[PDB]
Structure formats: C-alpha cells, structure tokens
Amino acid sequence: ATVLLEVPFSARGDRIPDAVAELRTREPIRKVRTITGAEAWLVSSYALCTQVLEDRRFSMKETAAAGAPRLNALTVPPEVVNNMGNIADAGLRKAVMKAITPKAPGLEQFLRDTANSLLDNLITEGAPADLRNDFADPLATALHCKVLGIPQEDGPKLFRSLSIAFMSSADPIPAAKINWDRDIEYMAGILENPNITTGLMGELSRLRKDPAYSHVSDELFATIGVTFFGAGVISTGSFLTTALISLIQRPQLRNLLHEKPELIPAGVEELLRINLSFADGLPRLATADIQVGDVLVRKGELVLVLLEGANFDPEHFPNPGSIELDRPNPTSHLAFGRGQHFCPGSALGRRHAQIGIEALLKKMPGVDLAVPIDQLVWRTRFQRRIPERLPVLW
Ligand code: HEM
Ligand SMILES: Nc1ccc2nccc(-n3cncn3)c2c1
Ligand SMILES: Nc1ccc2nccc(-n3cncn3)c2c1
C-alpha cells in the first residue's frame with residue numbers, strides 16, 4: 001500500500017516536477033492530502049483551472065469556515081480571508097485599486113532609482129551578492145512603502161513579519177498572531193499620523209474622515225494596509241527572485257533583453273507564465289455539487305488550483321517550458337489568477353519586475369549564479385517558493 005498523494009510536491013522553485021505533466025495527462029483533477037491531513041481535489045489542466053477560478057460556487061471566503069477541510073492553518077483572522085470583498089462592500093475598491101497601479105507620478109522613477117542604488121551598493125561591496133536579500137526583497141519593500149505612503153525606514157520591520165505571516169503550516173502559528181496584532185497597531189497609528197498624506201494610506205486616511213465612510217470600521221482601514229503591504233511585498237519579491245533565476249539560467253535571453261530592453265515586458269510576461277513562486281494550489285471550497293472533468297466535486301470539499309498545472313499545459317502553451325516572446329496568447333496565463341479574485345496588483349507587479357530586470361541587466365550584464373544551482377536552499381512550508389539566498393557574480 002501507498003499513501004494518498006501528498007501536496008505540495010516540491011518546494012524547489014527552479015524546475016517543475018516531471019510529475020506535474022504526468023498528472024495533468026492521466027488525471028487533471030485528482031484527490032490529494034494536504035499538510036493538515038485534509039483531502040482535496042488538485043486541478044492541474046488549464047481548462048479545469050480556469051473553470052474552477054471562473055465559477056464563484058468555488059468560494060474563496062468559504063475556505064475560512066470553521067470545520068472545513070484546510071490546505072493550511074489561517075494566519076489572519078477568518079474575516080480577512082474575504083479581504084477584497086470587505087473592501088468592495090465598504091465602497092473602497094475603486095480607490096484602493098487606483099492607489100496600487102504603477103501610474104502615480106514619480107513611482108516608476110522611484111523604482112528605477114531604488115533598483116540602481118541597491119545594485120551600485122552590491123557592485124561597491126564586490127561579488128558575490130545575494131539578489132534576494134539585498135536586491136529583490138528590498139526593492140519590493142521600498143516599492144510598497146512608497147505605494148502605501150509610509151516611511152521607508154519602517155519597511156524592514158514590516159518585512160521581517162513575512163517569513164512567518166506567509167507560512168503554510170498544518171497548525172496555527174503563535175508568532176503570526178503576535179506580528180499581525182503589532183502590524184495592525186502600526187497601521188492604525190499611520191491612519192492617525194498627520195505626516196501620512198500620500199499613497200494608499202494617505203488616501204484611506206482621508207476617506208476615513210469623509211461622511212460617505214463614517215461607518216467603515218477602523219479595523220478594516222488598518223487591515224487594508226497590513227494585507228496589501230504583506231501580500232504585495234511577498235508576491236513581488238518572491239516573483240522577481242525566481243524570475244531572476246530563470247533569466248540568469250538563459251544567457252541568450254539575458255543577452256537578448258540586455259541588447260533590446262524594449263522586449264523586457266514580453267520577457268516578464270513569459271517569466272510570469274513559467275513562474276513557480278506559488279507553493280500551493282489556490283484554495284476554494286465548493287458551495288454546491290459541481291462537475292469538474294470526470295469528478296463530481298461535492299459541497300464542502302476543498303479544491304486546489306495548481307497555477308503551474310495551467311501555465312505549463314502544452315494544450316494551451318505549446319513548448320510550455322520554453323520562454324518565447326512571440327506567443328499568440330502571452331497574457332492568458334494564470335499567474336495573477338482569473339475571475340472574481342484576479343490580482344488587483346498585476347500592473348504594479350509587472351512594473352516592479354520589468355524595472356528591476358532592466359536595472360540589473362544594465363548594471364550587471366555579466367550576471368551569473370555564483371554557486372551551482374542545486375546549492376540554493378528552498379524555503380519549506382511557506383506560501384511561496386523562494387531560495388533563502390540567491391548568490392550571484394557578474
Ligand atoms: C508578481 C506579483 C504578484 C503575483 C504573482 C500575484 C498573484 C496573485 C494571484 C494568483 C491572486 C489570486 C488569488 C486567488 O484567486 O486565490 C492574487 C490576488 C490578490 N493580489 Fe496579487 N500578486 C502579485 C502582486 C500583488 C501586489 C503588488 C498586490 C498589492 C499591492 C497584490 C494584491 C492582491 C490582492 C489584494 C489579491 C486578492 C484579490 C481578491 O481576493 O479579489 N498582489 N495575486
Ligand atoms: N499573519 C499575517 C501577518 C501579516 C500579514 N500581512 C499581509 C498578509 C498576510 N497574510 C494573508 N494571508 C496570509 N498572510 C499576513 C498574515
Ligand atoms: N497577492 C496575493 C496573492 C494571493 C492572495 N490570496 C489570497 C488573498 C490575498 N490577498 C488579499 N488581500 C491581500 N492579499 C492574496 C494576495
């Protein structure tokens with residue numbers, strides 16, 4: 001006898017397991033066991049992933065219901081699982097969405113300046129350099145302080161909550177509550193702090209005193225700050241780190257983007273498509289009995305949408321493991337999700353990566369790994385796949 005197939009399959013974010021394609025061919029929806037011991041349906045074709053993400057009877061917020069089968073333990077209060085629903089119900093969606101585009105005057109200049117400063121520091125100090133801790137993640141952290149309107153010097157302490165906040169644990173995590181409560185208190189103080197007048201938090205600070213929002217809770221305003229900083233920083237920092245590995249691995253693409261930087265947006269879209277940064281399928285709970293391929297999913301069951309199952313599906317993306325800058329469907333990947341919960345940070349996340357890559361290629365056109373690729377240490381039991389350090393030379 002063998003056990004029920006366990007997820008996740010591998011924490012390594014530099015290569016997809018050959019097992020994913022086998023799985024998608026033989027059983028593109030199949031039962032698995034999660035780290036909590038719960039059963040779930042793992043969906044791994046493009047067709048069935050899209051079906052689940054576009055059908056709201058597969059619910060995000062019902063994953064937080066007490067007693068549901070769980071992918072992992074909550075690290076936020078259960079009402080925060082419906083965060084963007086709560087933002088929309090408060091009449092804040094338009095405003096929040098507006099504040100996190102890359103469009104604000106000065107923002108792109110700020111990202112280039114910041115990327116260049118981090119890279120000049122690395123060049124002064126001499127190789128090897130850690131492009132996760134000393135480039136991608138500080139770039140993400142600086143970006144999100146600017147987008148929120150909060151002091152750059154408050155970035156590092158907020159960032160150090162994230163290695164716990166974004167854990168994928170079988171059990172509740174006592175430090176996640178300590179850091180959540182502390183970070184909520186910080187964002188409630190930001191809303192009361194008259195120096196904060198710009199960015200997302202400057203905007204929510206004004207809307208909080210406007211009569212159209214007088215009954216929106218102070219708790220929701222603070223929660224938007226904590227959640228958007230943390231999710232945006234983890235998602236952009238982790239994507240840019242694993243995208244740099246994929247680029248550094250492909251010297252010809254490196255050289256092509258360095259020579260023709262106008263191709264960087266197409267190259268970032270393919271780096272998004274192939275990205276392995278999400279460590280787990282996206283979870284949903286069925287609220288009805290729903291047919292998915294050859295399975296009737298029953299009400300109350302957990303479904304996990306494997307993004308790399310969709311994004312490496314050769315029926316949708318032929319020669320799926322190759323980066324090709326001339327595909328006829330380049331933005332049709334699921335790296336930002338699909339449907340009701342499609343990422344509102346997508347444009348910002350694209351621009352963070354495009355600017356970080358353009359700056360890296362101009363400053364370190366010879367960038368290469370400084371260790372054999374197998375020596376990267378992949379973080380485990382985390383909601384993202386990320387190497388703990390990314391040592392490079394140039
Ligand atoms: C390259 C970077 C990013 C990637 C790959 C990414 C990916 C995703 C994915 C896959 C989803 C859908 C989750 C689901 O349907 O279960 C999502 C949702 C979300 N993302 Fe992003 N994200 C990125 C950057 C951002 C940024 C910069 C922010 C904000 C500053 C952000 C905020 C959100 C929020 C608030 C949601 C929830 C939307 C909802 O429930 O409707 N993300 N992201
Ligand atoms: N436990 C925490 C603490 C801070 C957070 N900040 C942003 C986003 C979080 N998570 C949302 N889901 C999982 N973490 C956070 C989770
Ligand atoms: N950037 C992301 C990616 C996946 C997410 N999954 C669930 C909830 C999210 N957030 C809702 N608000 C902030 N993040 C998510 C945010």
Side-chain angles (χ1 to χ4, degrees), residues 49 52-54 56 58-60 63-64 71-78 80-83 85-88 96-97 99-102 136 140 143-144 146-148 158-169 172-184 186-187 199-200 222-243 268-269 271-273 275-284 303-305 307 310-311 333-350 352-354 356 382-384:
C49 286
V52 170
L53 289 176
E54 291 195 325
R56 297 182 64 192
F58 291 112
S59 169
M60 171 183 287
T63 63
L71 170 67
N72 52 210
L74 294 168
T75 63
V76 295
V80 176
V81 174
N82 192 41
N83 193 43
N86 295 330
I87 290 168
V96 167
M97 287 186 69
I100 65 167
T101 67
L143 173 60
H144 287 77
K146 182 60 66 168
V147 165
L148 266 65
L158 291 169
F159 174 75
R160 284 189 304 265
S161 290
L162 305 177
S163 68
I164 293 177
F166 287 90
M167 283 177 171
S168 190
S169 177
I173 311 172
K177 175 171 163 55
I178 290 170
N179 290 329
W180 175 263
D181 288 342
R182 180 184 76 249
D183 290 352
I184 290 284
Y186 171 82
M187 289 299 172
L200 175 64
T223 296
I224 293 167
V226 174
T227 56
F228 278 57
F229 179 94
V233 171
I234 208 68
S235 297
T236 57
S238 302
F239 170 60
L240 176 55
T241 293
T242 57
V268 164
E269 281 308 305
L271 291 164
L272 284 162
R273 180 183 63 84
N275 98 83
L276 296 174
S277 74
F278 281 67
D280 309 297
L282 303 181
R284 294 294 188 270
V303 178
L304 302 176
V305 179
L307 295 185
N311 291 334
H333 66 68
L334 307 190
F336 293 124
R338 185 134 169 177
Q340 175 71 189
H341 297 284
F342 182 76
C343 184
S346 62
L348 187 61
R350 286 180 172 110
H352 170 262
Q354 290 164 191
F382 197 69
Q383 295 173 216
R384 298 297 183 281

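For reference, positions follow the sequence shown, starting with 1. Indexing begins at 1, ligand by ligand and atom by atom, following the structure's order.
Remark: among candidates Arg338, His352, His333, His341, the nearest residue to atom 12 (C) of ligand 1 is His341, based on non-hydrogen atoms. Remark: among candidates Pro344, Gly237, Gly337, the nearest residue to atom 19 (C) of ligand 1 is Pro344, based on non-hydrogen atoms. With atom 32 (C) of ligand 1 as the reference point, the heavy atom nearest to it among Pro283, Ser238, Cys343 is part of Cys343. The residue from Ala335, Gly281, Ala231 that puts a heavy atom closest to atom 5 (C) of ligand 1 is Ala335.
For ligand 1, the atoms sitting less than 4.0 Å from at least one non-hydrogen atom of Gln340 are 41 (O), numbered in the order shown with element in parentheses. Distances below 4.0 Å separate heavy atoms of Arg384 from the following atoms of ligand 3: 3 (C). Interface of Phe278 with ligand 1, defined as ligand atoms under 4.0 Å from a residue heavy atom, comprises 5 (C), 7 (C), 8 (C), 10 (C). Heavy-atom contacts of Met60 reach the following atoms of ligand 1: 14 (C), 16 (O), 40 (O) (cutoff under 4.0 Å). In summary, the atoms of ligand 1 found under 4.0 Å from a heavy atom of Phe239, numbered by their order in the structure, are 1 (C). For ligand 1, the atoms lying closer than 4.0 Å to a non-hydrogen atom of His144 are 27 (C), 30 (C).
Using a 4.0 Å cut-off between heavy atoms, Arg284 contacts ligand 1 through its side chain alone, with no backbone atom that close.
With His352 contributing its side chain and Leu348 its backbone, the two residues share no donor-acceptor pair below 3.5 Å. Of the possible polar contacts, none joining the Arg284 side chain to the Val303 backbone as a donor-acceptor pair under 3.5 Å is found. At least one donor-acceptor pair closer than 3.5 Å links the side chain of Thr75 to the backbone N or O of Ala165.
Scanning all heavy atoms of the two residues, the minimum distance from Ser161 to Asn179 falls at OG-CB, 3.5 Å. Here the closest non-hydrogen pair linking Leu71 and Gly281 is CD2-O, 3.8 Å. Nearest heavy atoms, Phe229 versus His144: CD1-CB, 3.9 Å. The heavy-atom pair separating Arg350 from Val268 by the smallest distance is O-CG1, 4.2 Å.
Expressed to the nearest 0.5 Å, how far CG of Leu307 lies from CZ of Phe336 amounts to 11.5 Å.
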Fill in: Stepwise side chain to side chain contact (heavy atoms under 4.5 Å, CB included) test for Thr63 and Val81
CA-CA 8 Å; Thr63 63; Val81 174; 3.7 Å; yes
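Listed by chain and number, the residues in a side-chain hydrogen bond (donor to acceptor under 3.5 Å, both in side chains) with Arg384 are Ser235 (sequence neighbours excluded).
At a 4.0 Å heavy-atom cut-off, the residues surrounding ligand 2 are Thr75, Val76, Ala165, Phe166, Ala176, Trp180, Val226, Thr227, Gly230, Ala231, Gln383, listed by chain and number.
One side chain, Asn82 or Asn86, offers a donor N or O that lies under 3.5 Å from an acceptor on the other.
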